[PDB]
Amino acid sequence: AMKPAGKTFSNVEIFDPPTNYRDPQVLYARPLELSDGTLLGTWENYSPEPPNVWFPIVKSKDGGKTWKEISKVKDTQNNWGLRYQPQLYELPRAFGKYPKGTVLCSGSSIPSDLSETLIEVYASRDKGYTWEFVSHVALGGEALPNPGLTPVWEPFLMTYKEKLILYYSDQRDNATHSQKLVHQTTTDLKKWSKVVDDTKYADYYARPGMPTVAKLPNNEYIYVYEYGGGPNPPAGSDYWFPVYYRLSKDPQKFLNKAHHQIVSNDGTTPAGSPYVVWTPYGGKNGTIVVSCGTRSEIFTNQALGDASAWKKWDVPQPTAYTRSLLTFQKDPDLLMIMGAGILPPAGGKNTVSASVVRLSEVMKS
């Protein structure tokens, strides 16, 4: 007798960090699917230094079932390390001397003392085996989320027409706001535009942050973030980070758009470190899928972001800080959910893991 006769799985471990890693050891998991179906993954790797911290790159050939480390993205520029908030992205077209299919890794280079912040772009021309420094995007100050400091954070990349847009969180322009959501554009991955405001709130202590974006089938885009200092903090809190979003045909123009809090039909209010994707699954409008960093459920919207149409569904992947999502190019029904655990103090227990669910199963088609 031999094994009998798939694609879904739960709580597959990716990395279990050494005991001597620094709290929280790992955090901020990100996945990427390449055009050839290979998956890459990275995270914040709190290794004892030196060497200067790096972003590991793991690779899966079997839809996330098994993984192997194939490289590291190292800081070749600053003698700091690549420390916070990595983000992987595959170019869907050419920008300057970087062709379609080039893999970008963005994130923040930071000295161990957290004294400065610097959002970089690195690129791999061999589907993630080797890396080269591309450009310095945004230099900021001290890497603490305190009012008055001037750090930059949390890069997210997306292409719009002839432009590559890098969205982030920015504390530098702080005469009025302690933190704003902003972006810059490039057409060649070398020269970046002036910084443009995406979202800002008329309270100094508000901290809108952690942008992610997805394209909808009506040619609108959904812009998702956490609204630190958002209204109506729950009993026993003076400050929280409810998940909000905006809709726009032009993803360079979120500032002038009305905001919306995600609240599910049962009154559930997701908060913290959100992540959005859109999949063709679910019919006419597909499905917008959102994760937050404080709940285990997925939040969905099959009405192109109609504030009244958010639903919630249990999945087997645990709650994680900036738990991320990926929708499979060969199969829209398949959703990967990836995390690297909880915020410090994490009690020495964080690991990197993922599950892949079928939406037709999760969401009772």
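Quick note: we count residues from 1 along the sequence shown, nothing fancier.
Gap check for residue 5 to residue 6: 1 to 3 deposited residues are absent from the model. Just going by the entry, 188-196 versus 243-251 on mean CA temperature factor gives the higher value to 188-196. Higher mean CA temperature factor between 85-93 and 234-242: 234-242, per the PDB entry. Per the deposited record, 50 carries the highest C-alpha B-factor of all listed residues (339, 50, 31, 56).
Ranking 169, 159, 279, 268 by Cα temperature factor from the entry places 268 first. When the modelled residues of the chain are ordered by their C-alpha B factor, residue 297 lands in the middle third. The deposited CA B-factor of residue 327 belongs to the middle third of values across its chain. Compared with the other modelled residues of the chain, the Cα B-factor recorded for residue 67 ranks in the highest third. Split the chain's modelled residues into thirds by C-alpha temperature factor. Residue 211 is in the lowest one. Sort the modelled residues of the chain by CA B factor and residue 135 lands in the highest third.
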